[PDB]
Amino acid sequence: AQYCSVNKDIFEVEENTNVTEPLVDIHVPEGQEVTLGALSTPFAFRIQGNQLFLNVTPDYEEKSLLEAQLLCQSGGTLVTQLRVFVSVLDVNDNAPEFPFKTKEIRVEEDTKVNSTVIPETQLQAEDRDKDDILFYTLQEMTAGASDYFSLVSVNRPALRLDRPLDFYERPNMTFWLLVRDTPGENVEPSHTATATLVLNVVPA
């Protein structure tokens, strides 16, 4: 019983969790001392009273894996070394953001029905939760607008022309574009962003 040990060396910690309590007791044989080695993730861990602590609140978007190198020395010479891993778990802690608030697109009256008029690249939002699937909804602001345009799908926000345009009858169509980072509208956590789309019909 003359080797350093830990009973647990893989920890899962949700990002934004403050862990003040020890992760683990380090069993140190009489005559040895344990310190953090230089392969340890910088500014993450400390050892006090032969216990390993997290000093910081993890952020999955900054770093998803934290490593502690435990060096077990006797008179300053290395006897053994242990690794401890903290696997950081992603939380939905970022809101999707559109790169615009209100935006206008001009569309020729004779645009072919079923044409893409705004590609996904011009409408898509970005969410710093890289794994979040974004769900897009189009809501008419001016009555009848949804008769003319729709999104290709809730996850592919390309705007498609669905019916022939008529400059005289309806030269302006305005929409609310909503994005959320959850499939469900009423779940928690869920973040929503909104933008306005103005479709201006140009005549022949």
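One-based numbering along the sequence shown.
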item	value
Entry-level comparison of average CA B-factors, 28-36 and 64-72, reporting the higher stretch	28-36
Of 12-20 and 186-194, the stretch whose C-alpha atoms average the higher B-factor in the entry	186-194
Out of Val152, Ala143, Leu161, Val179, residue topping the C-alpha B-factor column of the entry	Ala143
Residue with highest C-alpha B-factor in the PDB entry, from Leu78, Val86, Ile118, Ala95	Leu78
Among modelled residues of the same chain, the CA temperature factor third for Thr137	lowest
Lowest, middle or highest third - CA B-factor, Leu165	lowest
Chain-relative CA temperature factor third for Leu52	lowest
